[PDB]
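Colleague: Everything below, folded, please.
(2 chains)
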Amino acid sequence: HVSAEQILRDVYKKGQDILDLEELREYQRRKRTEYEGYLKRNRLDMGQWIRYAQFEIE
RNA sequence: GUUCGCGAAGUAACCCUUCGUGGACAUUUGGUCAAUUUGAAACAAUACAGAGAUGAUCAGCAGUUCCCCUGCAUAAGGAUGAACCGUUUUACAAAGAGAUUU
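Modeller: Numbering: from 1, shown residues only, chains lettered A, B, ... in the order given. Take a look:
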């Protein structure tokens, strides 16, 4: 009962707040540095532009 | 200051000197810049780790960059020079069926 589906199923099974305004400013700094880093290296993933703009809508 | 012209004194002196006068020669530099912190160099000092493929040990060459450094450099080197991996929802429909409000 050592069939390959059991091994691959178990290797799938093995693989698994804001308070103040300046804290939200640091949150926006961290998140905009993240998304401008992943838009500076790749300017052609349009989903990334979409979700960073939708972040700044949020 | 030098020279040219004139006058006045020494001085009833064409020698010389002094004083006064008009002219000419000569005509607008340097600073983007102030002498220790407070208009910005970076390394080094501490401490810890100690390299990209994966089971280990590695040669690399590349690409993107709103990262540069050493290099005379368009060569070459810098860990393959470094960051790359991270999140991840709508150009969004059409057909068919039943359960609901009127």
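Colleague: Would you state the helices of chain A in chain order?
Modeller: A:4-14, A:21-40, A:46-57 (DSSP state H).
Colleague: Which part of chain A gets nearest to RNA strand B, residue-wise?
Modeller: In chain A, the residue that lies nearest RNA strand B is residue A:38 (3.6 Å; CB to the nearest atom of the strand). Every C-beta, even on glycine, is put in place using the N, C-alpha and C of the backbone.
Colleague: That residue against residue A:48, yeah?
Modeller: Yes. Residue A:38 is within contact range of residue A:48, at 5.9 Å (criterion: CB atoms under 8 Å).
Colleague: mind checking how far residue A:50 is from residue A:57?
Modeller: Distance of residue A:50 to residue A:57, given as CB to CB, to the nearest Å: 10 Å.
Colleague: ignore the last one, residue A:39
Modeller: Going from residue A:39 to residue A:57 by CB to CB gives 16 Å.
Colleague: out of those two, which sits in the more crowded spot?
Modeller: Applying other CB atoms under 10 Å to residue A:39 and residue A:57 shows that residue A:39 carries more neighbours, namely 14 against 6.
Colleague: so what's that one closest to, chain neighbours aside?
Modeller: residue A:48 (5.8 Å; CB to CB, 6 or more residues apart in numbering).
Colleague: if I pick the one you found, what's in contact with it?
Modeller: Contacts here follow CB atoms under 8 Å, 6 or more residues apart in numbering; on that basis residue A:48 touches A:35, A:38-39, A:42.
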